[PDB]
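Q: Model the following, please.
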Amino acid sequence: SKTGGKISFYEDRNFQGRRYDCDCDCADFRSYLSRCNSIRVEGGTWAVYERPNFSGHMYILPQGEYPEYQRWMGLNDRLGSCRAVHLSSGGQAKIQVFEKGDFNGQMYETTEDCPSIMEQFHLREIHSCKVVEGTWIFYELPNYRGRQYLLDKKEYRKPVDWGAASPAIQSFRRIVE
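A: Numbers count the residues shown, from 1 in each chain. Sure, the structure comes next:
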């Protein structure tokens, strides 16, 4: 239970340059680092945002070492805020998705990751879904590519409820550690 996540950001590639270490969520770390082109995650998972106030592109980083921003699929080396993602275990993660908003339309339930929603469910978009686990990732393009959205053990009734400006979502995966 009592763990201790920690993430280190470096201004240059190969963990060179000024470094900044964080052990909790930080809404604005720009005062400690003006840019980050590489990151090291010593423990725990973390969500990073391109602009302050958890806004702009969002990416989930599992424990590991990333000697360059491209290793984290970063679009650039701009990061204004970071939050620690908490993982929930317990037993078997199950997700239910609905073809229309407000949990309406045809419903499909699965306990496995989905690389291509259109190939698996023949659906071009997702407007609502109820996942009860704690850490789920949704991706805008197939094969877990494009902008990613982090879902919690809550129910999303509208597409904008998961931070997306469009109901376009093509793949999703469960987070485990």
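
Q: Can you pull up the most central residue in this protein?
A: residue 60 (3.6 Å; CA atoms, centre = their mean).

Q: Could you pull up the contacting residues of that one?
A: Contacts for residue 60 (CB atoms under 8 Å, 6 or more residues apart in numbering) come out as 45-47, 85, 137, 148, 150, 175. Bear in mind the C-beta positions are built from the backbone N, C-alpha and C, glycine included.

Q: Residue 99: neighbouring residues, count only.
A: Using other CB atoms under 10 Å as the criterion, residue 99 is surrounded by 18 other residues.

Q: gap between it and residue 53?
A: Note on residue 99: its distance to residue 53, by CB to CB, to the nearest Å, is 33 Å.

Q: go on, residue 118?
A: Counting by CB to CB - residue 118 and residue 53 are separated by 33 Å.

Q: Which one's more surrounded, these two?
A: residue 118 (13 against 10).

Q: returning to that earlier point: check which helix or strand the residue nearest to the centre of the chain maps to.
A: Secondary structure assigned from DSSP states H and E places residue 60 in strand 55-61.

Q: Name the strands paired with that strand and say parallel or antiparallel.
A: Strand 55-61 pairs in its sheet with strand 45-51 (antiparallel), by DSSP bridges.

Q: Sort out which residues of the strand it pairs with are buried, please.
A: Residues 45-50 are the ones in strand 45-51 that count as buried (16 or more other CB atoms under 10 Å).

Q: Let me have these in CSV, extended by distance to residue 18.
A: Shown next, in CSV, are these (distance: CB to CB, whole Å):
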residue, distance to residue 18
45, 24
46, 19
47, 22
48, 17
49, 20
50, 19
